[PDB]
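One letter stands for each residue in the lines below.
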Amino acid sequence: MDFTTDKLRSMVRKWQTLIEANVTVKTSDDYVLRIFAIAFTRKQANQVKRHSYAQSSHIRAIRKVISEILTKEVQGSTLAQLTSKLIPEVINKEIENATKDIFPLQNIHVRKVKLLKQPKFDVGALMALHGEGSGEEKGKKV
Amino acid sequence: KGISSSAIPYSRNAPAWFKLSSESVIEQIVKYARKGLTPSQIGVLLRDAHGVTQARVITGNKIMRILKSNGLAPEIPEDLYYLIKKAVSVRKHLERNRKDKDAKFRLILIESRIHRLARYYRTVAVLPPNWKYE
RNA sequence: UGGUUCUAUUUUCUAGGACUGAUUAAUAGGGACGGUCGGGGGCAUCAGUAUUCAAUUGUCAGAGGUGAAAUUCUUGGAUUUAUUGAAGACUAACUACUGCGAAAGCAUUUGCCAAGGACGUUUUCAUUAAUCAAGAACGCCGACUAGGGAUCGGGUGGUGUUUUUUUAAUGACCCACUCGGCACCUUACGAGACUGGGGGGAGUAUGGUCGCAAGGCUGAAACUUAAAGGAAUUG
């Protein structure tokens, strides 16, 4: 999975910090995934100072809880479960709820998921991801 | 340079809520010193938990004089001891990894500061002359 | 720790003797502690996508590059596309009249190693201090008054919103105060007394000295001399 470049260029603004993290996690299958994360420091409503920077220990703590809870969302998922988890953007809601104790953090995203190794084939698992099928087909008519 | 020190009150009395004894404070002082704390640690523990404000006010005299008159004198003053052990910690760091030029510079600074007050303490003769920092 | 002997009910309590004796605590200085702070340093680790190279496909005639071209590569498949590997760097945007460092300088993650600063302090020492020739390491001014807005680090108080709950502690913002920084915008008031050098700027003249420079068709001079060329050319 990957963002387009225009999305994160449309997200990056000066006078904030981008906290980005990544973890290399092996799922409940033997797929190992490098999964990324980006998050940008919001300013609160009634904030009058123009900066809203994080104090870099808040960055280390935010990046710590990002790594912990998204490596908890993997290992507790298969590939199909993780894919159905990151279609409706809900790991981002988990990061936002787990991190609003530290900094506000607008538009957290996952932004990038890379396969590194894949276990075996398991045609049965693939056909259970899709649906069944077997053919006896036509016969020659002589 | 910053101005961050402690502001000693104008009073020189016990604060009139200090109902403890002027001798039980000394017994607590020598107990903490014999279990092994530096006099600054005695003063901060006595201030934080058994609320003597400062013991030059509440006891008779200051607590290094209390320790020396109760037999718990230091081998070397606390300033020199802490600067000595900081210098030897930086020296062991430097023997471990030898590309830390900044820590070499801080060792030159710490060694200069060692020599300054070692010279002061030597001309006062708190510690004996022919003392070298090894 | 050792030793001697004095009082009344089998063991109770007792008295004596030998191995310290001036101040503060500098809006001076140092040291400890505490929660921290930073792109300060060292080691290790982790990642990123470019680039270069290689392997494998796909397709076919050009690709670079330039103001145009060219050297170069290319039907033994270049360039483009897709998958993957290897290498050496580098740390994009975030990135600032922001931060840290004694300066040169320092920007990916995580950990270790020591360090440092500011703040907080009813902790400690007690003049331990300031400046620099020598030497060592690394490589509109000042002795001067007040302010103002913004920002970075710490602290105190307020009492609203984001937070939230019986797992630990821990935020973010708003406001006032305060300490310390990088700057900026102003104010008031002061004698502030890798070494070697001719003499202003812009010009003008030159019967001096030192130079460089003209002539005149070449050939071609001792030779009025060939070929060929030049020049001008409505034979």
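Rules used throughout
- All residue numbers refer to a per-chain count from 1 along the written sequence rather than necessarily to the numbering of the entry. Residues that lack coordinates are not shown.
- Written order determines the labels here, with chains lettered from A and ligands numbered from 1.
- Keep in mind that this is only part of a larger assembly, and the values describe that part, not the whole.
- As a convention, hydrogens and water are excluded, and side-chain values are obtained from all of the structure's heavy atoms.
- UniProt positions are given in the numbering used here, feature names are shortened, and annotations may be inferred rather than shown by experiment.
- A run of H or I in DSSP counts as a helix once it spans at least four residues, and a run of E counts as a strand once it spans at least two, with each numbered from the N terminus.
- In this description the radius of gyration comes from C-alpha coordinates, and the expected globular size is given by 2.2 Å times residues to the power 0.38.
- Per-residue accessibility takes into account occlusion by the displayed protein chains alone, with areas from the Shrake-Rupley method and a 1.4 Å probe.
- In this tally, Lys and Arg are treated as positive and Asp and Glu as negative; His is ignored, and so are the chain termini.
- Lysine's charge is taken at NZ, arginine's at CZ, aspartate's at CG and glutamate's at CD.
- Think of it in three bands: with a 1.4 Å probe and only protein chains considered, a residue is buried below 20% of the maximum accessible area for its type, exposed above 50%, and partly exposed in between.
- For this analysis, a nonpolar core means a set of buried residues of the types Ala, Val, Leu, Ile, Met, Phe, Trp, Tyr and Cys, connected via side-chain atoms within 4.5 Å.
- The contact criterion used throughout is that any non-hydrogen atoms of two residues lie within 4.5 Å.
- Think of it this way: one heavy atom of a residue within 4 Å of a molecule or strand is enough to make that residue near it.
- For the purposes of these results, a polar contact is taken to be a pair of N or O atoms within 3.5 Å, where, inside protein, one atom must be able to donate a hydrogen and its partner to accept one; residues adjacent in sequence count only when each atom of the pair is a side-chain atom.
- Following the grouping adopted for this structure description, the nonpolar residues are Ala, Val, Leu, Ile, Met, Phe, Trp, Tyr, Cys and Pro, the charged ones are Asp, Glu, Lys and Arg, and the polar ones are all others, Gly among them.
- To get an axis, fit a line to the C-alpha atoms, keeping to the stretch in contact for a helix; angles then go from 0 to 180 degrees between the N-to-C directions.
- Throughout this description, any angle smaller than 35 degrees is read as roughly parallel, any larger than 145 degrees as roughly antiparallel, any in the 65 to 115 degree range as roughly perpendicular, and the remainder as oblique.
- Should the near helix be turned anticlockwise from the far one by less than a right angle, the crossing is termed left-handed; should it be turned clockwise, right-handed.
- The rule for a salt bridge is simple: a side-chain nitrogen of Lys or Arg has to be within 4 Å of a carboxyl oxygen of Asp or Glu.

Labelled according to the PDB entry, chain B appears under the name 40S ribosomal protein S13, originating from Saccharomyces cerevisiae. Quoted verbatim from the Subcellular location heading of the UniProt record, the comment on chain B is "Cytoplasm". UniProt, in the comment section headed Sequence similarities, describes chain B in these words: "Belongs to the universal ribosomal protein uS15 family."

The PDB entry annotates chain A as 40S ribosomal protein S1-A originating from Saccharomyces cerevisiae. Looking at chain A in UniProt, the text filed under Subcellular location is "Cytoplasm". Of the comments in the UniProt record for chain A, the one headed Sequence similarities reads "Belongs to the eukaryotic ribosomal protein eS1 family."

Draft legend 1. Geometry of the overall build of chain A. When its secondary structure is counted, chain A shows five helices and four strands. Taking 2.2 N^0.38 as the reference for a compact globule, 142 residues should give roughly 14 Å; the C-alpha atoms of chain A span a radius of gyration of 21 Å, well beyond that estimate. Along the longest, intermediate and shortest principal axes, the C-alpha atoms of chain A span 85 × 30 × 20 Å. In the structure as shown, chain A presents an accessible area of about 9,800 Å², 52% of it carried by carbon and sulfur atoms. Placing the 25 positive and 15 negative side-chain charges of chain A at their respective mean positions leaves the two points 10 Å apart.

Draft legend 2. A look at helix α5 (residues 123–130) of chain A. With respect to burial, α5 of chain A is a largely exposed element, only zero of its eight residues being buried. Backbone geometry just downstream of α5 of chain A places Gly 131 of chain A in the positive-phi region, at approximately 150 degrees.

Draft legend 3. The nonpolar core, seen in detail. Residues and elements named next belong to chain A. Formed by 24 residues in total, the largest nonpolar core has its most connected members in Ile 35, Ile 62, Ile 66, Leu 70, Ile 91, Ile 95 and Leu 105. Secondary structure elements with two or more residues in this core: β1 (18–26), β2 (32–40), α2 (57–73), α3 (79–86) and α4 (90–99). With five residues, α2 is the largest single contributor of residues to this core. If sequence neighbours within four positions are ignored, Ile 66 has contacts with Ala 21, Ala 37 and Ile 95.

Draft legend 4. Region of interest: the protein's contact with RNA strand C. Close contacts around RNA strand C come from 77 residues, with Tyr 53 of chain A together with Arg 56, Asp 79, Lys 86 and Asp 100 of chain B the closest. Among all atoms of RNA strand C positioned within 4 Å of the protein, those belonging to sugar or phosphate total 81%. The separation between a sugar or linking oxygen of RNA strand C and a polar side-chain atom of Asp 100 of chain B is 2.5 Å. For the surface near RNA strand C, the secondary-structure elements that each account for two or more residues are β1, β2 and α2 of chain A together with α2 (39–49), α4 (63–69), α5 (78–96) and α6 (101–124) of chain B. Residue contributions to the surface near RNA strand C peak at 11 residues, all from α6 of chain B. Here the surface near RNA strand C is composed, by residue class, of 23 nonpolar, 23 polar and 31 charged.

Draft legend 5. Expanded view of the packing of α2 of chain A against α4 of chain A. Residues and elements named next belong to chain A. α4 packs onto α2 with a crossing angle of 140 degrees between their chain directions and a minimal axis gap of 10 Å. If you check the angle between α2 and α4, you find them oblique. Viewed along their axes, α2 and α4 form a crossing whose handedness is right-handed. Two secondary-structure elements touch here, α2 through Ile 62, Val 65, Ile 66, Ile 69, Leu 70 and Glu 73 and α4 through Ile 91, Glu 94, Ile 95, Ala 98 and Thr 99.

Draft legend 6. Structural view of the pattern of salt bridges. By the definition in use, this model includes seven salt bridges over all chains. In this structure, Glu 96 of chain A engages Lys 93 of chain A in a salt bridge whose closest nitrogen and oxygen atoms are separated by 3.9 Å. With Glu 96 of chain A and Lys 93 of chain A both in helix α4, this residue pair falls three residues apart, about one helical turn. Overall, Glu 96 of chain A belongs to the partly exposed group, its relative accessible area being 25%. A relative accessible area of 41% places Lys 93 of chain A in the partly exposed class. The salt bridge partner of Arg 91 of chain B is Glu 111 of chain B, with a shortest N-O separation of 2.6 Å. A residue pair is termed long-range when its members are at least 10 positions apart, and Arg 91 of chain B in helix α5 and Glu 111 of chain B in helix α6 qualify at 20 residues. In this structure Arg 91 of chain B comes out as partly exposed when scored by relative accessible area, which is 37%.

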